[PDB]
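Read top to bottom, the protein sequences are chains Y and B.
If you use UniProt numbering, the first sequence corresponds to residues 17 to 105, 115 to 123, 129 to 179, in order.
If you use UniProt numbering, the second sequence corresponds to residues 3 to 10, 19 to 102, 115 to 123, 130 to 179, in order.
Ideal placement from N, C-alpha and C gives every residue a C-beta, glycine not left out.
This report refers to the structure that appears directly beneath it.
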Amino acid sequence: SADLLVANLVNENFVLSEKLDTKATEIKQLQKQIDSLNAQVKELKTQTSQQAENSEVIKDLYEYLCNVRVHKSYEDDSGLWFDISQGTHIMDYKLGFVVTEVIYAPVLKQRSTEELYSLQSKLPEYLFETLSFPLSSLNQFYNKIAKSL
Amino acid sequence: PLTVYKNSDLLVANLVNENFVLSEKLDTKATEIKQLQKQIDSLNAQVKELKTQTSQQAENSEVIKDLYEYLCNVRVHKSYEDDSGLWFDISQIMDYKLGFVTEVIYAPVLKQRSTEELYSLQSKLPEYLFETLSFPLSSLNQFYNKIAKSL
């Protein structure tokens with residue numbers, strides 16, 4: 017009973033050493049995965065950021081070339097909306122899209143009255159009231175506002 | 003120097027001592043493993059979240075690109091930066119490129141075009157829009173308008 021038990025401790029020391037070597041492999045394997053993930057993560061971070069730079073330039077281009085900038089976009093169940101600031105250094118408004131059809135909508139949440147009359151002198155009455163036209167007419171709209179500004 | 007007793019040495023003493031050391035060396039690895047497994051999971055979330063945000067922002071940019079096309083009849087295909095100056099291909115149908123070095133450079137792009145069009149276009153477009161040009165940025169919008177009016 018005394019010898020048997022102590023001779024088995026050898027058996028236990030072996031089992032430990034194998035179970036232990038099998039862990040040293042699972043460990044090396046995770047370290048590799050981590051390193052892989054790190055590379056990938058960094059390259060994904062540059063592509064997503066550097067890409068922001070591109071988009072800015074383009075936004076910036078359109079602004080210099082069309083004197084019009086698109087601020088944002090939402091989608092309230094039915095229809096997406098984009099704020100817009102058009103003019104030369115200006116009339117803010119929004120456009121909604123719901129066959130296809132469009133919705134104009136002057137946006138003057140904030141505007142020093144002096145401007146609001148400067149604008150009323152340059153802009154045809156109707157551009158101060160919500161409207162609705164087919165998409166085909168959009169570009170034509172755009173032109174009308176540019177010509178008046 | 004340990005020594006057992008039946009009822010009722020160096021090597022035997024190394025067995026127990028050695029059995030302990032193995033049990034600790036093995037448990038301390040089981041913690042380094044859990045810590046690594048956690049780190050891996052955390053890193054995975056990062057990759058997945060970055061993939062959605064990029065696929066989502068791309069979506070926005072596509073919408074806007076599509077908007078501008080419907081509103082300005084003009085689309086900006088790409089952008090390069092060859093040491094000095096960046097370039098954008100444009101399709102407004116007349117394709118051309120614009121270079122920025130402030131000052132600008134126009135450049136008709138007809139790498140491929142069925143001749144029938146190339147004369148359709150020559151009838152609508154003032155001679156000079158078929159030759160490279162150069163103007164200040166302030167004049168750009170004015171340029172754009174001239175091309176739209178003719179097309």
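Residue i - containing beta strand (DSSP E), residue span
{"i": "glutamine 102 of chain Y", "result": "96-102"}
{"i": "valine 86 of chain Y", "result": "84-86"}
Spatially closest choice to residue i from the options, by CA coordinates
{"i": "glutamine 102 of chain B", "options": "B:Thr38, B:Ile50, B:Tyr78, B:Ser148", "result": "B:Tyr78"}
{"i": "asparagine 9 of chain B", "options": "Y:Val26, Y:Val22, Y:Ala18", "result": "Y:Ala18"}
{"i": "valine 132 of chain B", "options": "B:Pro164, B:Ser89, B:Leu146, B:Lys139", "result": "B:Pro164"}
{"i": "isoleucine 100 of chain Y", "options": "B:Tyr118, B:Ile74, B:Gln47", "result": "B:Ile74"}
{"i": "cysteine 82 of chain B", "options": "Y:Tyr90, Y:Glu91, Y:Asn83", "result": "Y:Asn83"}
{"i": "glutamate 91 of chain B", "options": "B:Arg85, B:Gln150, B:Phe122, B:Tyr80", "result": "B:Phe122"}
{"i": "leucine 60 of chain Y", "options": "B:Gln63, B:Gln49, B:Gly95", "result": "B:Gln63"}
{"i": "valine 57 of chain B", "options": "Y:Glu159, Y:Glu42, Y:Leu53", "result": "Y:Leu53"}
{"i": "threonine 130 of chain Y", "options": "Y:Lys174, Y:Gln170, Y:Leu21, Y:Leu96", "result": "Y:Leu96"}
{"i": "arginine 141 of chain Y", "options": "Y:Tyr134, Y:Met116, Y:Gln170, Y:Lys174", "result": "Y:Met116"}
{"i": "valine 86 of chain Y", "options": "Y:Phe98, Y:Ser94, Y:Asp93", "result": "Y:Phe98"}
{"i": "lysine 152 of chain Y", "options": "Y:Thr104, Y:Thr160, Y:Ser166, Y:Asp93", "result": "Y:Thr104"}
{"i": "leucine 36 of chain B", "options": "Y:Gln45, Y:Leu46, Y:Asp37", "result": "Y:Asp37"}
Reduced DSSP category for residue i - H, G, I as helix; E, B as strand; rest coil
{"i": "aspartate 76 of chain Y", "result": "helix"}
{"i": "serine 162 of chain Y", "result": "strand"}
{"i": "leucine 120 of chain Y", "result": "strand"}
{"i": "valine 31 of chain Y", "result": "helix"}
{"i": "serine 52 of chain Y", "result": "helix"}
{"i": "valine 6 of chain B", "result": "coil"}
{"i": "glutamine 140 of chain B", "result": "coil"}
{"i": "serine 65 of chain B", "result": "helix"}
{"i": "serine 17 of chain Y", "result": "coil"}
{"i": "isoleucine 43 of chain B", "result": "helix"}
Extent of the continuous alpha helix (DSSP H) to which residue i belongs
{"i": "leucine 146 of chain Y", "result": "143-152"}
{"i": "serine 178 of chain B", "result": "168-178"}
Those residues which DSSP pairs with residue i across a bridge
{"i": "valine 22 of chain B", "result": "Its beta-bridge partners do not exist; DSSP assigns none."}
{"i": "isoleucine 133 of chain B", "result": "B:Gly121, B:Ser162"}
{"i": "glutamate 91 of chain Y", "result": "Y:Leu96"}
Residue i Cβ short of 8 Å to the ligand GDP heavy atom set
{"i": "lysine 58 of chain Y", "result": "As presented, the structure is devoid of all ligands, the ligand GDP included, so that no description of it is given."}
Residue i and residue j closer than 9 Å at C-beta
{"i": "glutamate 28 of chain Y", "j": "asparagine 29 of chain B", "result": "yes"}
{"i": "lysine 39 of chain B", "j": "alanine 40 of chain Y", "result": "yes"}
{"i": "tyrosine 118 of chain B", "j": "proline 136 of chain B", "result": "yes"}
{"i": "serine 89 of chain B", "j": "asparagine 70 of chain Y", "result": "yes"}
{"i": "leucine 168 of chain B", "j": "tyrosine 172 of chain Y", "result": "no"}
{"i": "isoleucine 43 of chain Y", "j": "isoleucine 50 of chain B", "result": "no"}
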